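Chains B, A and A' are the protein sequences, given in the same order. A prime marks a further copy of an entry chain.
Sequential numbering of the first sequence, starting at 5, is according to the entry's author numbering.
Sequential numbering of the second sequence, starting at 5, is according to the entry's author numbering.
Sequential numbering of the third sequence, starting at 85, is according to the entry's author numbering.
The beta carbon of each residue, even a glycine, is placed where N, CA and C say it ideally should be.
Quick notes on the structure that follows.
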Amino acid sequence: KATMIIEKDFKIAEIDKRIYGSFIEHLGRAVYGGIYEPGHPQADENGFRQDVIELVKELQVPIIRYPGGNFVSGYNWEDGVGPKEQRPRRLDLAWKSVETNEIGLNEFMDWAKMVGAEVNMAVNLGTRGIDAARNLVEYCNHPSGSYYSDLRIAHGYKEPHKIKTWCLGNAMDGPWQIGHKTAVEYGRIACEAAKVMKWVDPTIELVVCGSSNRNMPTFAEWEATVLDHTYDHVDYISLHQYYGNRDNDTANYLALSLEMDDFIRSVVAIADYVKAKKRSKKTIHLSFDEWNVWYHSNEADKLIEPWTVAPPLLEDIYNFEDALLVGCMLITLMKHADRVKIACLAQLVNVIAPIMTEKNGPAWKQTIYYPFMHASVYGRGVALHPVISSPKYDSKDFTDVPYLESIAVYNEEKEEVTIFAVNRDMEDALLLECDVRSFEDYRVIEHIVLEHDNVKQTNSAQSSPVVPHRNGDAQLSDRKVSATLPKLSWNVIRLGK
Amino acid sequence: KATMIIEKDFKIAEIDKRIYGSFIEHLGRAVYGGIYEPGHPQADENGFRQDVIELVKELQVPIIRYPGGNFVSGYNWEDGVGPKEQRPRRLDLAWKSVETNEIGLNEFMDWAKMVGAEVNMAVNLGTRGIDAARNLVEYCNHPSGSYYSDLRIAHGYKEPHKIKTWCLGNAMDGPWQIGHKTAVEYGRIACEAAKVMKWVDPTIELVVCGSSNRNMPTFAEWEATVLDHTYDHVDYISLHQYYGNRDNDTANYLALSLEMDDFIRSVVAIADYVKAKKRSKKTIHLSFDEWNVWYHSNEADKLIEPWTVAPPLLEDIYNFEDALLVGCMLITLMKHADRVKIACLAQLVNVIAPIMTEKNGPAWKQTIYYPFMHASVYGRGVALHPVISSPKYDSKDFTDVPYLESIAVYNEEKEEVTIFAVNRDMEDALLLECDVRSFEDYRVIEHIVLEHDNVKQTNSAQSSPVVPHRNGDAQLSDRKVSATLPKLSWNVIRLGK
Amino acid sequence: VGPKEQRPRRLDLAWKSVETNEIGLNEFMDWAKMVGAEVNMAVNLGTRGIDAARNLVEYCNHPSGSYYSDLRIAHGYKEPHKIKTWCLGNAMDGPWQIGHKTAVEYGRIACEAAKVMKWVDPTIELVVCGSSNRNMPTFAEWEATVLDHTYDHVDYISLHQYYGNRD
Ligand SMILES: OC[C@@H]1O[C@@H](O[C@@H]2[C@@H](O)[C@H](O)OC[C@H]2O)[C@H](O)[C@H]1O
Ligand SMILES: OC[C@@H]1O[C@@H](O[C@@H]2[C@@H](O)[C@H](O)OC[C@H]2O)[C@H](O)[C@H]1O
Numbered sequence: 005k006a007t008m009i010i011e012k013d014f015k016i017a018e019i020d021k022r023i024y025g026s027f028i029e030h031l032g033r034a035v036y037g038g039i040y041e042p043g044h045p046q047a048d049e050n051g052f053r054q055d056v057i058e059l060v061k062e063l064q065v066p067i068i069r070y071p072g073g074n075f076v077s078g079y080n081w082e083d084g085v086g087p088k089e090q091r092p093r094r095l096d097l098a099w100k101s102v103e104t105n106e107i108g109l110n111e112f113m114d115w116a117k118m119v120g121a122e123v124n125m126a127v128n129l130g131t132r133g134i135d136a137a138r139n140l141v142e143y144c145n146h147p148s149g150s151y152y153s154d155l156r157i158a159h160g161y162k163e164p165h166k167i168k169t170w171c172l173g174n175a176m177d178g179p180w181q182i183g184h185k186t187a188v189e190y191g192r193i194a195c196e197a198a199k200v201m202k203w204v205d206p207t208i209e210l211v212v213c214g215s216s217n218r219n220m221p222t223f224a225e226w227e228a229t230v231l232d233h234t235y236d237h238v239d240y241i242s243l244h245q246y247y248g249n250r251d252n253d254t255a256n257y258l259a260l261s262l263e264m265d266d267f268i269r270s271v272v273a274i275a276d277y278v279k280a281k282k283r284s285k286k287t288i289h290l291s292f293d294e295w296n297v298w299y300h301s302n303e304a305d306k307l308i309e310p311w312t313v314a315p316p317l318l319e320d321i322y323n324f325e326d327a328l329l330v331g332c333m334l335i336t337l338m339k340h341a342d343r344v345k346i347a348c349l350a351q352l353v354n355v356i357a358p359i360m361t362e363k364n365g366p367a368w369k370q371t372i373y374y375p376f377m378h379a380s381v382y383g384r385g386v387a388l389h390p391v392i393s394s395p396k397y398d399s400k401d402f403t404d405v406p407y408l409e410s411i412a413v414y415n416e417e418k419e420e421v422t423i424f425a426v427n428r429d430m431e432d433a434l435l436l437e438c439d440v441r442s443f444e445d446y447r448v449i450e451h452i453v454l455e456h457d458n459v460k461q462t463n464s465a466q467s468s469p470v471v472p473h474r475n476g477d478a479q480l481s482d483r484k485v486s487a488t489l490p491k492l493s494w495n496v497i498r499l500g501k
Numbered sequence: 005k006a007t008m009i010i011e012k013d014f015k016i017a018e019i020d021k022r023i024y025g026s027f028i029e030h031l032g033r034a035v036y037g038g039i040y041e042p043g044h045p046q047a048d049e050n051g052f053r054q055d056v057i058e059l060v061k062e063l064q065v066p067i068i069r070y071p072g073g074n075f076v077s078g079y080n081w082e083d084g085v086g087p088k089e090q091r092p093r094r095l096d097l098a099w100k101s102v103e104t105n106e107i108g109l110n111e112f113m114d115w116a117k118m119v120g121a122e123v124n125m126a127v128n129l130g131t132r133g134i135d136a137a138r139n140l141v142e143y144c145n146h147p148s149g150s151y152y153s154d155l156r157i158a159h160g161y162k163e164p165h166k167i168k169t170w171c172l173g174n175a176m177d178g179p180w181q182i183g184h185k186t187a188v189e190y191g192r193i194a195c196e197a198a199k200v201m202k203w204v205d206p207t208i209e210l211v212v213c214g215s216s217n218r219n220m221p222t223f224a225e226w227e228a229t230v231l232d233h234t235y236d237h238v239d240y241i242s243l244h245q246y247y248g249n250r251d252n253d254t255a256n257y258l259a260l261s262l263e264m265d266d267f268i269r270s271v272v273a274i275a276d277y278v279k280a281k282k283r284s285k286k287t288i289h290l291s292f293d294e295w296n297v298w299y300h301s302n303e304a305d306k307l308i309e310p311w312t313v314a315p316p317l318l319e320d321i322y323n324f325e326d327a328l329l330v331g332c333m334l335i336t337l338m339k340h341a342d343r344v345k346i347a348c349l350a351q352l353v354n355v356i357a358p359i360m361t362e363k364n365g366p367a368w369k370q371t372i373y374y375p376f377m378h379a380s381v382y383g384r385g386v387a388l389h390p391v392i393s394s395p396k397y398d399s400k401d402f403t404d405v406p407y408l409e410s411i412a413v414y415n416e417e418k419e420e421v422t423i424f425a426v427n428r429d430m431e432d433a434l435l436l437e438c439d440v441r442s443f444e445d446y447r448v449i450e451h452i453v454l455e456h457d458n459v460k461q462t463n464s465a466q467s468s469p470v471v472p473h474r475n476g477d478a479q480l481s482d483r484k485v486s487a488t489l490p491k492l493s494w495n496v497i498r499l500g501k
Numbered sequence: 085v086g087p088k089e090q091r092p093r094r095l096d097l098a099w100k101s102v103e104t105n106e107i108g109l110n111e112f113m114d115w116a117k118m119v120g121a122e123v124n125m126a127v128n129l130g131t132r133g134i135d136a137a138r139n140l141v142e143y144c145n146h147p148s149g150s151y152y153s154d155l156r157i158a159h160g161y162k163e164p165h166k167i168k169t170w171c172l173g174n175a176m177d178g179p180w181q182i183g184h185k186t187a188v189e190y191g192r193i194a195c196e197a198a199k200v201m202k203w204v205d206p207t208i209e210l211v212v213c214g215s216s217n218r219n220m221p222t223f224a225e226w227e228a229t230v231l232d233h234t235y236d237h238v239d240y241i242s243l244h245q246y247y248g249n250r251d
């Protein structure tokens with residue numbers, strides 16, 4: 005048994021829809037063979053796969069980070085604009101590929117328009133600096149009457165792209181990064197880049213890079229230093245996290261979102277420390293701008309020869325327990341709606357992705373597609389503070405792991421309450437009782453369930469055994485929703501009226 | 005109208021009773037003419053004033069910090085132990101007084117025993133260091149069979165004092181402090197002191213010094229650095245805050261608890277930053293080990309000539325509005341019961357104190373005595389999360405100040421729920437409605453109110469116009485408490501059965 | 085040192101034992117004489133510093149006619165011990181050490197200690213503390229910093245190593 009109070013008046017915050025964002029890098033087949041494949045039967049007049057367009061629309065992704073990631077730290081934006089014949093072929097040192105630049109930022113903006121997403125554009129602070137930063141904001145956002153704005157117009161884009169949210173480089177705390185910088189070096193260049201960007205266009209907002217990973221030797225120290233240098237000029241600090249089940253321990257693997265919770269809380273604390281140090285009235289929020297499961301493709305990638313065009317890198321094939329963890333991660337983002345305002349599932353197409361494609365072939369939905377779609381589609385509104393009493397377990401790395409991972413989201417305009425819930429229990433069903441007295445006249449609309457008896461079962465182009473059904477048994481009786489959550493399941497219990 | 009949900013299952017934390025602590029320094033008349041006055045008709049066999057003993061006992065103060073405060077940073081503990089004829093007269097540079105050491109630590113422990121309080125003992129890290137720190141812990145806490153333990157026995161104290169909680173110096177960040185240290189210097193000496201003290205007696209807890217106030221140029225930076233140096237060896241970090249109404253603005257004055265709230269949240273954040281930086285599983289809590297109103301006596305103090313014995317320093321005479329602010333401060337400590345585990349009203353007797361005395365004459369209760377008493381006596385149990393909908397106002401330094409400052413404390417053992425509540429509204433009553441559906445069979449025991457028409461009214465030895473009455477109108481019907489909180493009122497609504 | 089009745093019992097924080105001081109340095113010198121060994125004497129640079137270092141060298145090595153030398157004589161040891169080789173503390177890089185010092189803090193105090201000890205008796209040699217072991221996070225960095233601080237005033241740098249067959 006587990007219980008949960010769903011009190012209308014105990015609220016965390018309005019969920020910023022941008023926590024359902026994603027990310028496309030010039031990495032493997034994310035662009036070339038992902039969003040863009042001339043000649044494909046479903047390619048439109050600009051070469052974009054219509055099938056991929058539809059799959060992304062169904063996810064209702066509001067914002068997509070672009071073009072990197074490790075790639076941006078060695079990239080020249082000018083290489084990807086203007087007539088194709090003058091675009092150079094480059095050695096991308098991030099992924100050891102030859103980048104033709106056949107797609108650059110203006111074509112990416114064209115694609116983003118088709119899926120209804122704004123773009124969170126990243127500037128190179130690896131090999132480049134403040135002058136390229138201002139020039140790109142000018143190129144994208146300044147109407148006309150300057151060299152760079154008129155250049156965009158000359159390239160065929162009369163109206164400025166009017167990009168709101170920019171990343172100040174990619175995480176360069178990492179020794180694997182092109183133009184790695186210490187926290188002071190990065191802090192200083194990000195501060196000066198931030199200023200010139202906002203002088204070109206004061207309507208923008210800026211994301212400073214947090215650590216590439218919670219396990220970095222410089223974790224926390226990095227964020228504190230970087231914010232000390234940039235606080236007044238920036239709006240968000242980013243965090244990144246990937247998980248994997250490398251020792252085949254499901255119970256420990258599904259507990260990993262408790263760590264994500266600790267990580268978010270830690271970075272919020274650093275933001276508030278620096279706020280107090282500066283005596284600033286401005287609160288800095290979080291952009292969780294890379295998160296996912298990533299591990300299945302590690303061995304296969306080691307066999308790819310360098311200097312090919314669009315190699316099949318990072319092509320994890322996700323299984324059902326992966327979807328459960330993705331589920332737990334989304335609930336964790338919602339739980340921190342008060343301070344996490346942007347998040348990006350890394351990445352959107354082919355590369356550790358909910359959507360996979362075959363060349364001259366179909367596009368299909370990975371297991372992780374479903375909880376993400378459900379969260380994005382039904383998780384708009386106010387995140388409510390959960391009061392839960394759940395049974396618990398210990399695993400290798402965690403203690404008092406609740407079997408139940410859950411939160412309710414209240415959408416007053418729709419008069420709906422959505423309960424997202426994972427039952428981590430590998431053996432037993434969990435009898436959830438939700439107290440819903442504060443929601444008068446609400447009825448159960450539906451109870452969606454994603455479950456599969458084999459946690460290692462994947463989907464594929466040829467069949468999808470791992471798909472949601474609507475046979476959940478949630479029911480209202482005397483101001484209480486009782487629902488059975490099957491063992492190892494993701495549940496969406498929708499209420500309304 | 006304001007509303008409030010009082011749900012048993014929406015809890016902040018068990019309140020640590022040590023948030024109702026206080027503090028006695030060798031400062032002015034706190035000791036000499038305060039707790040201790042051999043000539044007094046009401047002095048006991050050891051010179052302790054019995055009237056003061058009774059006044060402290062009624063506060064139920066569980067812990068008292070001693071002997072400083074600025075005094076400790078120049079103090080040699082050995083000067084205050086052993087036969088009185090061998091105790092030296094010293095120039096106390098902190099308060100420019102001659103300290104006779106007629107009272108030292110053993111006599112203080114005797115006094116604390118009488119009032120039922122444990123002692124939070126401070127070690128000198130101004131002119132002294134790690135050797136004096138271990139020796140003092142040995143003298144106080146080691147049973148026997150070493151030079152210092154046998155010395156305590158020889159001084160007349162067979163059983164060890166077994167002092168639990170120790171301060172690593174006094175706030176050393178101040179340029180006015182004896183033996184001021186930078187955050188690095190202090191962090192290092194506090195770390196090395198903490199280690200040897202814990203090796204003498206591993207049962208102890210240690211408090212590291214935070215900033216002397218939120219306005220210090222080194223605020224926040226101090227706490228981060230100090231904790232980076234000491235995290236693994238200490239248990240709490242301290243904060244200090246004093247307030248004053250120097251510009252006669254009551255509305256702004258009563259809002260100041262909002263700032264206290266932010267100050268606490270800032271120091272919690274720093275603790276959690278450093279925790280993450282160290283990858284530690286230990287959480288550090290806060291000791292709010294100096295807090296009060298302090299300003300009334302600033303001008304009188306300037307005229308005191310140096311090198312007297314027991315000068316009348318820091319003798320604020322408190323008024324009614326000071327009591328309201330103290331009440332708001334107390335509610336703010338309770339609302340941070342999850343992370344503030346010790347707090348000390350600075351100070352207990354004569355010195356910015358709830359109890360005042362006259363030589364050979366009476367002891368009396370300042371205005372601030374009452375809210376402190378009510379919080380201490382009725383505020384043991386679990387602090388509940390307030391969901392308050394209250395009207396609000398703007399003042400000079402604050403926006404959206406709730407007229408209602410309030411929290412409930414639920415004591416399961418006594419089966420009581422107590423609602424502490426200040427109405428800051430300077431002109432109008434506030435009709436409070438509380439949803440206590442979660443508390444079956446409860447009734448209103450009483451509704452205590454502290455109010456006076458004149459915010460500047462003081463108490464005195466001869467008359468006390470400012471005293472609580474029990475004619476509040478709180479009533480519980482159909483699972484709802486409705487009470488009228490008069491304008492500018494401190495309220496204690498007690499429920500039971 | 086001195087009459088046994090005036091020697092205090094101390095809590096030795098290093099090994100959590102009560103040290104009676106029934107044996108101190110003069111009795112140790114007596115024992116070392118019996119086994120034919122010279123003594124490599126260590127000074128405390130944890131809770132103590134440069135004043136205690138010069139005074140100990142004076143007590144042990146200065147012949148007579150100063151407070152500390154005449155004190156050794158009065159304690160029953162007319163001829164000076166004439167200790168040749170001294171340790172400037174024990175390895176202070178360890179977080180388990182009483183009065184742990186960073187490499188800079190230790191380098192500075194060892195330098196100033198070495199100077200006064202040599203001014204009392206220029207015939208001595210000094211050993212500066214290296215790392216407590218090769219696996220310390222500060223290994224090598226420690227030795228470079230310490231020697232940068234002390235090079236001109238010292239003669240040796242120490243190393244420590246223990247081994248075990250735990251697997
Ligand atoms: O989303 C794909 C990439 O993830 C980030 O890369 C890091 C990876 O290369 C490193 O080896 O481990 C930690 C990862 O964070 C990078 O931002 C992006 O290009
Ligand atoms: O409780 C009395 C004293 O308050 C603290 O002293 C500081 C004061 O002297 C300074 O001038 O203003 C701020 C105060 O924090 C001190 O800890 C104690 O002795």
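- Along the stretch 196 to 217 of chain A, the positions whose C-beta sits under 7 Å from a C-beta of chain A' are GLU196, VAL200, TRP203, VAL204, read in chain order.
- Placement of the Cβ of A'/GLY191 at a distance of 7 Å or more from every heavy atom of ligand 1 is found.
- The three-state secondary structure of A/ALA487, taken from DSSP, is strand.
- In the DSSP annotation of this structure, B/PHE402 is not part of any alpha helix (DSSP H), being labelled neither H nor E.
- Relative to ligand 1, B/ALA304 has its C-beta separated by 7 Å or more from all heavy atoms.
- Only residues of its own chain outside the window of five on either side were considered, and among them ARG69, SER242, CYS348 have a CB closer than 6 Å to the CB of B/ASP293, listed in chain order.
- Residue pairing by DSSP places B/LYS369 opposite B/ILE359 in a beta bridge.
- Between A/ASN249 and A/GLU319, the C-beta spacing is not below 8 Å.
- Between the stretch 222 to 241 of chain B and the stretch 155 to 166 of chain B, the count of Cβ pairs shorter than 8 Å is below three; the stretches do not touch.
- Taking all protein chains in view, the Cβ of B/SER291 is crowded by 16 or more other Cβ atoms within 10 Å, so the residue is classified as buried.
- Pairwise C-beta distances place the stretch 6 to 17 of chain A in contact with the stretch 432 to 441 of chain A, as three or more of them are shorter than 8 Å.
- Secondary structure at A/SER493: strand, using DSSP grouped into helix, strand and coil.
- In terms of beta-carbon proximity, A'/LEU129 stays away from the interface with chain A, with every pair separated by 8 Å or more.
- Contact with chain B is absent for A/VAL230, since none of that chain's Cβ atoms lies less than 8 Å from the residue's Cβ.
- The shortest CA-to-CA distance from B/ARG22 to any of B/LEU499, B/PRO390, B/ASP135, B/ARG384 is the one to B/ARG384.
- Pairing A/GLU419 with A/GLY500 gives a Cβ-Cβ distance under 8 Å.
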